[PDB]
Each structure stands twice: as structure tokens, then as C-alpha cells.
Amino acid sequence: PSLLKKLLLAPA
Amino acid sequence: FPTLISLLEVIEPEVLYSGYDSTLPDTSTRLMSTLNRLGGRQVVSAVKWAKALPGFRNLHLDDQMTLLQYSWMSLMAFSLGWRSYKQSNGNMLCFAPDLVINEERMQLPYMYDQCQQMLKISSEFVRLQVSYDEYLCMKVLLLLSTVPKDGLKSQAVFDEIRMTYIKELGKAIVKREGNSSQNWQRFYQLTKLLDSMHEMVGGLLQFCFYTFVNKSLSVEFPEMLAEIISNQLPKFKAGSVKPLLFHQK
Ligand SMILES: C[C@@H]1C[C@H]2[C@@H]3CCC4=CC(=O)C=C[C@]4(C)[C@@]3(F)[C@@H](O)C[C@]2(C)[C@@]1(O)C(=O)CO
């Protein structure tokens, strides 16, 4: 998983 | 009671510092690498902003990724334009509170041409005397203005969101003036500016693509930005992306 995907999936 | 425009004001991220080290040799390579480091951190902010943007997370995750990967440079250059407008009236490039580039610091290899391209974006804000709320609505529409020629996975959701923020730009225009007499003229001017951003940013993107692929220049990119460019670049060079234009262009 890319860093962008991880950030989009992170709760916030 | 709460309006979409008031929410856009509240979610707009705070401006980042660069942490630039002035003791080092002013060289084009060092400057480009410092700017890319700042750019990677601004892109992280922009992703957090998009998550908070009403409607955006209703898109399929692959569409959220596509829109951010395709539009990141438009978003960054538009906001650099706004900062340079508000802080210097378009005379200097106001990258960060601790990184302001004036005309003579621009006199650097490769740098001068790209720097003039960035100032032209700021000069359009001066010409049109863009308001903060018009800027925020336009910035949303840049996130939503470059798509695959083959379409998106949640196309119906996308079309709904995009139409919602086109309507919101109209509301920002009415809020600005008071004589509604110029409301259509204003909407025409600002949508022409949106359409023109594709060309104004295209040269920045080509230069970025060159400095990314040509490892000889020794320009550094941070990890998330490199990942984004590596996905964006082949789609852009192949002609598989299209801009969503308001006017016959
Ligand atoms: C001319 C291009 C366009 C530049 C970008 C213009 C938009 C921008 C605004 C900022 O406030 C921070 C960084 C960025 C996002 C940027 F300034 C850097 O990343 C460096 C950049 C890509 C560039 O200078 C390079 O390709 C150097 O490698």
C-alpha cells in the first residue's frame, strides 16, 4: 500500500 | 445556518514553514530539493484537507487517489499564487514564512524560467482581485478538474460533488460583490482562470517530471511525492488524462 493510500485510510 | 463556504474557511490548513538552512550554498539543486521537501509536506496537508472536504470521502478510494495524484501540482501552485498575492501583491514567491524568493534570488539556472511561470499565476489573482472565498471554491474545483479519459469508478458521486462546488463558487461571487450586475461576468472570468490553470501548470509539471526522471541533476524528492509522481507521470505523458473545461478551448 502506498503512503498516499495509508494516509487516506488513516482515521482523521 | 452553517454554509459550505464557512466550512471551507475552517478546514483550510495552516501554512507550513520550510526550515530552510540559509548557511548553505545557494545553488539551484539545493533550492529545488528544499522546495520538493516542503512540497511533500504540503501534499500531506492537502490530503488531510481533502479528507475533511465535504463529499470527498464518498468517492471510491481509487478515485480519491486518482484525483489527488492528478491535481497535486495545480493545488500547490494555486496556493503558492494566493500566498504570493496576499503577502507580496505578486512580486515575490512566498513559498513559506521562512522561504521568500524575490526577483534577484530568482536569477539561478533553470530556476528563473520556472519562477516566472509561478509568478504569472499570482499575477492573475492581482488582475482579478480574487477574494478569499472565491479562491477557496476555485481550489476545490482544481482538485476536481483532471480525470482519466476512461472515467472514474464512482462517476455519479463525482459529478454530484463537482456540481455542488460549481454552485458554491457562484455563491462566493455573489457574496463578494453587492451589485449582482456583474455576477455572470465574474463567473465567466473565474471559470476562464480555472480553464487556464491547466496550461499554466503544465510547464511546471513537465519540469518536475524532467527533474524526477533525470537522476543526473541530483534533485531530491521526498518519498510520498516520489510515489505520486511515479504514478502520475506515465498517465500524463501517454495522454490518458483530460481536463474538465468550462469553456470551448
Ligand atoms: C518548477 C517545479 C514546480 C515546483 C513546485 C511548485 C508548487 C509548489 C509550491 C510550494 O509552495 C512548494 C513546493 C511546490 C510543490 C514546488 F515549488 C516544488 O515541489 C518544486 C517544483 C516541483 C519545481 O521547482 C521542480 O520541479 C524542482 O524539482
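Both ligands and their constituent atoms are indexed starting at 1 by order of listing. In what follows, every chain begins at residue 1, and chains take the letters A, B, ... in the order their sequences are listed.
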Asker: I need the nearest protein heavy-atom contact for atom 23 (C) of ligand 1: residue, atom name and distance, please.
Answerer: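 Going by distance alone, atom 23 (C) of ligand 1 is nearest to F207(B) CD2, 4.4 Å.
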Asker: Which residue and non-hydrogen atom of the protein lie closest to atom 13 (C) of ligand 1, and at what distance in Å?
Answerer: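 Residue, atom and distance for the closest contact: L35(B) O, 3.4 Å.
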Asker: Mind checking whether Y85(B) and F125(B) have parallel, tilted or perpendicular rings, split at 30° and 60°?
Answerer: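 The rings of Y85(B) and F125(B) lie parallel, inter-plane angle below 30°.
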Asker: Between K139(B) and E12(B), is the closest basic N to carboxylate O distance under 4.0 Å?
Answerer: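 So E12(B) pairs with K139(B) through a salt bridge.
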Asker: Considering only heavy atoms of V219(B), which atoms of ligand 1 have at least one such atom less than 4.0 Å away?
Answerer: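 Result: 28 (O).
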Asker: If the contact criterion is a heavy-atom separation under 4.0 Å, does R83(B) count as touching ligand 1?
Answerer: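 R83(B) counts as a contact of ligand 1 under the 4.0 Å cut-off.
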Asker: May I ask you to check whether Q42(B) and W72(B) show a side-chain donor-acceptor distance below 3.5 Å?
Answerer: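 No, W72(B) and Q42(B) have no side-chain donor paired with an acceptor closer than 3.5 Å.
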Asker: Identify the closest protein heavy atom to atom 17 (F) of ligand 1: which residue and atom is it, and at what distance?
Answerer: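 Result for atom 17 (F) of ligand 1: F95(B) CE2, 3.5 Å.
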Asker: Could you check whether atom CG of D150(B) has more than 12 heavy atoms from other residues, nucleotides or ligands sitting under 6.0 Å from it?
Answerer: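 No, not enclosed.
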Asker: Judging by distance only, is a nitrogen or oxygen of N36(B) under 3.5 angstrom from one on ligand 1?
Answerer: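 Between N36(B) and ligand 1, an N or O pair is found under 3.5 Å apart.
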Asker: Whether the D133(B) and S131(B) side chains hold a donor-acceptor pair (N or O, under 3.5 Å, no angle test) is what I'd like checked.
Answerer: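 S131(B) and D133(B) do not have a side-chain donor-acceptor pair below 3.5 Å.
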Asker: Taking the six-membered ring for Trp, are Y135(B) and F78(B) ring centroids under 6.0 Å apart?
Answerer: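 For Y135(B) and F78(B), the ring centres are under 6.0 Å apart.
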Asker: Can you tell me if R162(B) and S145(B) form a side-chain donor-acceptor pair at under 3.5 Å?
Answerer: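 Note: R162(B) and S145(B) side chains meet the donor-acceptor criterion.
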Asker: Taking 4.0 Å as the limit for heavy-atom contacts, which would you say applies to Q42(B) with ligand 1: side chain only, backbone only, both, or neither?
Answerer: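 The side chain, only.
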Asker: Can you confirm, on distance only, whether ligand 1 has an N/O atom lying under 3.5 Å from any N/O atom belonging to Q114(B)?
Answerer: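 No: no nitrogen or oxygen of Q114(B) is under 3.5 Å from one in ligand 1.
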Asker: For atom 28 (O) of ligand 1, what is the closest protein heavy atom, and at what distance to 0.1 Å?
Answerer: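 Minimum-distance protein heavy atom for atom 28 (O) of ligand 1 reads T211(B) OG1, 3.0 Å.
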Asker: Compare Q206(B), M76(B), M73(B) and give the one whose heavy atom is closest to atom 5 (C) of ligand 1.
Answerer: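 Among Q206(B), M76(B), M73(B), the closest heavy atom to atom 5 (C) of ligand 1 comes from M73(B).
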Asker: Any side-chain donor paired with an acceptor under 3.5 Å for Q117(B) and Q114(B)?
Answerer: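 Short answer, yes.
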Asker: Determine whether any protein heavy atom is located less than 4.0 Å from atom 9 (C) of ligand 1.
Answerer: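 It does: a protein heavy atom is found less than 4.0 Å away from atom 9 (C) of ligand 1.
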Asker: Quick test: of every protein heavy atom, which one is nearest to atom 26 (O) of ligand 1, and how far off is it to 0.1 Å?
Answerer: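 Ranked first by proximity to atom 26 (O) of ligand 1 is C208(B) CA, 3.1 Å.
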